[PDB]
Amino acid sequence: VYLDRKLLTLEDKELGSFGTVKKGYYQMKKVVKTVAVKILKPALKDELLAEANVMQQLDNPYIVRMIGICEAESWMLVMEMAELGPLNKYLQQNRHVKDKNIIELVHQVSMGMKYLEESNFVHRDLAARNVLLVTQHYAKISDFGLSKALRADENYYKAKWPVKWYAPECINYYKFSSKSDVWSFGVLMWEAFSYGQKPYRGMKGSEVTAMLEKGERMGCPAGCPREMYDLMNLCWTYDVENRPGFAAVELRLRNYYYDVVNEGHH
């Protein structure tokens, strides 16, 4: 888990700006591995350790792999690089990405979330900005800074918040479950099919709450298939008990994805 600083080489330029994100390379047994490095500016240190503790436990093709942590100039979290970056920024700059391709990527996120649910972790920050692209056809989930391992005896974690991605039970009762992540996943779907547009544009958190409480939901994105909008709305089931889990969500996406693939060949 504790990486050797002399095996780590950071690039001069910054990828983004907790602190900074930098591209680097970590010298392995034989090969060199391209990495993304989260570099911190007591609370921030503990947050990074807890984050690393979560990632260390996760083993799945659709989740970003942590290489390890390094303590030098600053505290550093070293991850397998996902070269194409955040999904929302990518779709913003690539507006001709095909509908089938969007379905493929969100289905991959649901597979990752299915695993996370089975592992009894709640993500708590599941948004398009936190999906990273390895390729145009390969997405992984990242940013486990708010993530929690659920207690053996409870199906929820009791708590700035990303309010526009949060389910009503999160807002009203501070309770976060895998079902709460399903709600965020609906918002993520909406973002993806809207090519990385922000959800609830021009609205305050309080107005979002008021809107949802009135039974209103965001409209169907341009060119988004009815079946995928139907799934979004199902993810936005107000009552947690009646909201689907990720096993059901992933199945719906898997089946629909296979249908569209058959349409393409035909």
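Numbers for residues come from their place in the sequence shown, where the first is 1.
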| property | result |
| --- | --- |
| Other entries lacking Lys38, at least a third | no |
| Residues of the deposited sequence that sit between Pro42 and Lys41 yet are not modelled | 4 to 9 |
| Deposited residues lacking coordinates between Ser17 and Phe18 (none, 1 to 3, 4 to 9, 10 or more) | 1 to 3 |
| Higher-B stretch (mean Cα B-factor, as the entry records it), 20-28 or 238-246 | 20-28 |
| Residue stretch of maximal mean CA temperature factor, 30-38 vs 194-202 | 30-38 |
| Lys98 by Cα B-factor - lowest, middle or highest third of the modelled chain | middle |
| Among modelled residues of the same chain, the CA temperature factor third for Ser74 | highest |
| Ranked against its chain, the third holding the CA B-factor of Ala210 | highest |
| Where the record places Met66 (Cα B-factor, split into thirds across the chain) | middle |
| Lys160 - which third its CA temperature factor falls in, relative to the rest of the chain | highest |
